[PDB]
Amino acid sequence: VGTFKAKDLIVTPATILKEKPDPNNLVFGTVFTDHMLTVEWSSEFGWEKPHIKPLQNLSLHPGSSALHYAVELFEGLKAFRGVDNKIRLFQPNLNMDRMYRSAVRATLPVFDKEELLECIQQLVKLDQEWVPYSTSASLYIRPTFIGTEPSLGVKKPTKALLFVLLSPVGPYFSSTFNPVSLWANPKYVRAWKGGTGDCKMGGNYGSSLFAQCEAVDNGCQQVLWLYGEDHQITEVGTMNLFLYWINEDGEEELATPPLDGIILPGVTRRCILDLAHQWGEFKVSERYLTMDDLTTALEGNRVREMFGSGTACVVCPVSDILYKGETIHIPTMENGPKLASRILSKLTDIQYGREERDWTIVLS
């Protein structure tokens, strides 16, 4: 159980550089930078020295376990060009923690978290002009970890590739807030107790595409993932779910589903709970929320705001849920949205260096 070291980085700069895209006409994860990180592993020799080199196709054996048994995991984090023109990562330690834990659950080989971070930092530094010159755009960092075992045997891989892509992304909505409609159909399940839903393992995402297409066919933008006999609301697509409301006890509450195995422990989710705890202005509950809790609250005018949280869209307001053939209105946009707007501004201010924070590291 060794590791690749950032000290050993072999840098092959590209001799031909690509034009950067317009920040205001960007489709998410469509455009890639000049360079990538790649690190080879084998059971026989362990970690090879890491490479920063030009973006290129991967040459994979067609038996590679990533292609057959989804022996794969990824991360998502961003680099932000601040108002002071300094580039910052946001809580990147939490991403490295989550990637390591996911690697263990996948049986992919462990690595030193600080060494991968330093390798990512060198990659973003070389491609730093790709971090858009825009206070509403970012560079998406996609660490990826794949089994490359050339064997059809269902086993712990004896060959893996860890690589990192960079992709400049614009504002989540090309437009201020575009509130989403959620397609809520309990027939589909994202994740289950005893499953891998609390990891960013590829297997969790492939099974979701069918339901996402069903959502789009019914003029919704995301899936509301329901779970269990009592229809728990768990996640908004690939975003954590927050409910701002008067609870059953008549108390002002920010509620989110708890980490009981079926929720991806989001970085944004952690940051929002940390903020709401620190503010000390209302109750903060990691607790179960059902469609009946929600509809009961809406008939009693107890619901203020619902929003998704994630690296993608820091705070994504929900306006409507389609469920049992009815459109259910969530009055998020008629209540400001006051708290969603405040949370967006606090995280945005930290990300873009408008305010100092422990949560940000300036680029190496």
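All residue numbers are counted from 1 along the displayed sequence. Whichever C-alpha set is largest while still superposing within 1.5 Å between the two forms counts as the rigid core.
Q: Which stretch is more displaced from the shown form in 6 other deposited structures of this protein, 165 to 173 or 271 to 279, with RMS over structures and residues of Cα positions after a rigid core fit?
A: The answer is 165 to 173, which departs more from the shown form in 6 other deposited structures of this protein.
Q: Checking chain continuity here. Are there deposited residues lacking coordinates between residue 175 and residue 176, and if so is it 1 to 3, 4 to 9, or 10 or more (or none)?
A: Per the deposited record, the segment joining residue 175 and residue 176 lacks coordinates for 1 to 3 residues.
Q: Please compare 57 to 65 with 302 to 310 and say which has the higher mean C-alpha temperature factor in the record.
A: That would be 302 to 310.
Q: Mean CA B-factor: is it higher for 131 to 139 or for 277 to 285?
A: So the stretch with the higher mean C-alpha B-factor is 277 to 285.
Q: Per the coordinate record, which of the options 219, 237, 168, 76 holds the highest CA temperature factor?
A: Highest C-alpha B-factor among the listed residues goes to 219.
Q: How does residue 339 rank on Cα B-factor within its chain, lowest, middle or highest third?
A: Middle third of the chain for residue 339's C-alpha B-factor.
Q: Would you mind ranking residue 26 by its C-alpha B-factor against the rest of the chain and naming the third, lowest, middle or highest?
A: It falls in the top third of the chain.
Q: Sorting the chain's modelled residues by C-alpha B-factor, tell me whether residue 92 ends up in the lowest, middle or highest third.
A: According to the entry, residue 92 has a C-alpha B-factor in the chain's middle third.
Q: Can you work out whether the C-alpha temperature factor of residue 347 puts it in the lowest, middle or highest third of the chain?
A: Lowest third, going by the recorded CA B-factors of the chain.
Q: Check where residue 185 lands among this chain's C-alpha B-factors and tell me if it's the lowest, middle or highest third.
A: Middle third by C-alpha B-factor.
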